[PDB]
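Only one chain comes next, encoded as structure tokens, the form deposited in one PDB entry.
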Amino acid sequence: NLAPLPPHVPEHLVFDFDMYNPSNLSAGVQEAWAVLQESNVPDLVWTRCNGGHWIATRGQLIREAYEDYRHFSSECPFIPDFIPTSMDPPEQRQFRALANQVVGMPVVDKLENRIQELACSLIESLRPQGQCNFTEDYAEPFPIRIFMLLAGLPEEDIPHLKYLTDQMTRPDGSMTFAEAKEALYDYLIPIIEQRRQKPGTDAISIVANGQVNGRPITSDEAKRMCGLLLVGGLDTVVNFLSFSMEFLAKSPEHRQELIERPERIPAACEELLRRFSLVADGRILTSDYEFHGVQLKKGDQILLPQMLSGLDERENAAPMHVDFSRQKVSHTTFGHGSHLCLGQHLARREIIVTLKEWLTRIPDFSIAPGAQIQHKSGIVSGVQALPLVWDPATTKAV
């Protein structure tokens, strides 16, 4: 049900969008969100759904608000306890600098070929089967195995770790949110404590032995960081790869272009990131503030969908059209401002390696005949399942 309209909010700005259940979902997730960009919809609206909150609908406002952390705070970033997601500068800067030591560009460059080897061996074991559940069989195992590589963690721990992180996004009832969180932390603590004593060159060891505002990081702070490094690179990557593969399976022309022109693959990656953008975070007002002619009130929540900037016709012409040759690909898929994704370099490499290894070994594939692909909408929008099929005689072992 809807929350009653706060008196400071004018009726002409009220559009009852439900971010967890948009009405045109069956047409696809990005299409469903783009209803907010129809010409009768203002740049900034209020929805009475999910407790009541603002939505900025255009790239210009989304970028501005993400820049202005003094008015738009990350203390409450979700509608309706990881570090540094809930911090503003100044305190955020220290924790962000440390996490960048574990996923930064120099780390991605060294792990580059480990990343390719993991992709090749996952794809090679599927290739002869002529079918797969892509989300289940590749999109999940690939980033979780990269995390295990990054964090120096043994391979037998994958099923249990996959289970705990599935709870935070898709609970089965076994345990509450905080219970999945604590199970995750209980897993993490001993490994953190020991790598203080004999570190490796792994991510847990670096975060465990970190210094923050002059003094050593606490076990509490370390555990809450490692947690975000795990869950931060899962949900987004799993669901983004699914969107990308869904599109390519439905578009033989786009497959052929990348097969014939493998050098376009990094550009193609950027264009898929724009077209199948998937995050919608928010901020909370620190004070009363007039924003583009609209009176915002201290404590108001505002949804700032990273998804919508690149879909905005004011940023990219014919924004639903996938064109790998756009001279200017404009998006905020990895965010904007001081929280801009620390994993953005790792994510791009994961996407690029996936496109190259898959198109090289399984160049021709389709959606399983009969199947209708179902989507979900949220803070991270996604694909529920992606059944794919191909003819093993048309593949290559490499």
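Take the two forms, superpose them, and find the largest set of C-alpha atoms that agree within 1.5 Å; that set is the rigid core. Position 1 is the first residue in the sequence shown; the rest follow in order.
Trainee: Between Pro80 and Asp81, how many residues of the deposited sequence have no coordinates in this entry: none, 1 to 3, 4 to 9, or 10 or more?
Mentor: Per the deposited record, the segment joining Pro80 and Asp81 lacks coordinates for 4 to 9 residues.
Trainee: Return whichever of 91-99 and 207-215 has the greater mean Cα B factor according to the PDB record.
Mentor: 207-215 has the higher mean C-alpha B-factor.
Trainee: Would you determine, from the values in the PDB entry, which of 301-309 and 255-263 has the greater average C-alpha temperature factor?
Mentor: Comparing 255-263 with 301-309, the higher average CA B-factor belongs to 255-263.
Trainee: Based on what the PDB entry reports, which of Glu270, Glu75, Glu246, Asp281 has the top C-alpha B-factor?
Mentor: Checking the PDB record, the top C-alpha B-factor among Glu270, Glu75, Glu246, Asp281 is at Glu75.
Trainee: Out of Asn133, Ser242, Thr201, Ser277, which residue has the highest Cα temperature factor in the PDB record?
Mentor: Top of the list by C-alpha B-factor: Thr201.
Trainee: Name the third of the chain's ranked CA B-factors that contains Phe324, choosing lowest, middle or highest.
Mentor: Tercile = middle for this residue's CA B-factor.
Trainee: Using the B-factor values recorded in the entry, state whether the Cα atom of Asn40 falls in the lowest, middle or highest third among the modelled residues of its chain.
Mentor: Tercile = middle for this residue's CA B-factor.
Trainee: Ranking the modelled residues of this chain by C-alpha B-factor as given in the entry, is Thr57 in the lowest, middle or highest third?
Mentor: Lowest third - that is where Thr57 ends up once the chain's C-alpha B-factors are sorted.
Trainee: Going by the recorded CA B-factors, say which third of the chain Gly232 sits in, lowest, middle or highest.
Mentor: Ranked within chain, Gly232 CA B lands in the middle tercile.
Trainee: Compare the C-alpha B factor of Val238 with those of the other modelled residues in its chain, then answer lowest, middle or highest third.
Mentor: Lowest third - that is where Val238 ends up once the chain's C-alpha B-factors are sorted.
What follows is about the form deposited in another entry, which we do not show.
Trainee: If you line up the core, which of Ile265, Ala97, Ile189, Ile259 has a CA that moves 2 Å or more between the shown form and the other one?
Mentor: Meeting the 2 Å or more criterion is only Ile189.
Trainee: I want to check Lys198: does it shift between the shown form and the other one by 2 Å or more at the Cα, with the core superposed?
Mentor: It does shift by 2 Å or more.
Trainee: Would the C-alpha of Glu179 be classed as shifted by 2 Å or more between the shown form and the other one after rigid-core alignment?
Mentor: Shift of 2 Å or more: yes.
Trainee: Answer yes if the CA of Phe247 moves 2 Å or more between the shown form and the other one after aligning the rigid core, and no otherwise.
Mentor: Comparing forms between the shown form and the other one, the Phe247 CA shifts below 2 Å.
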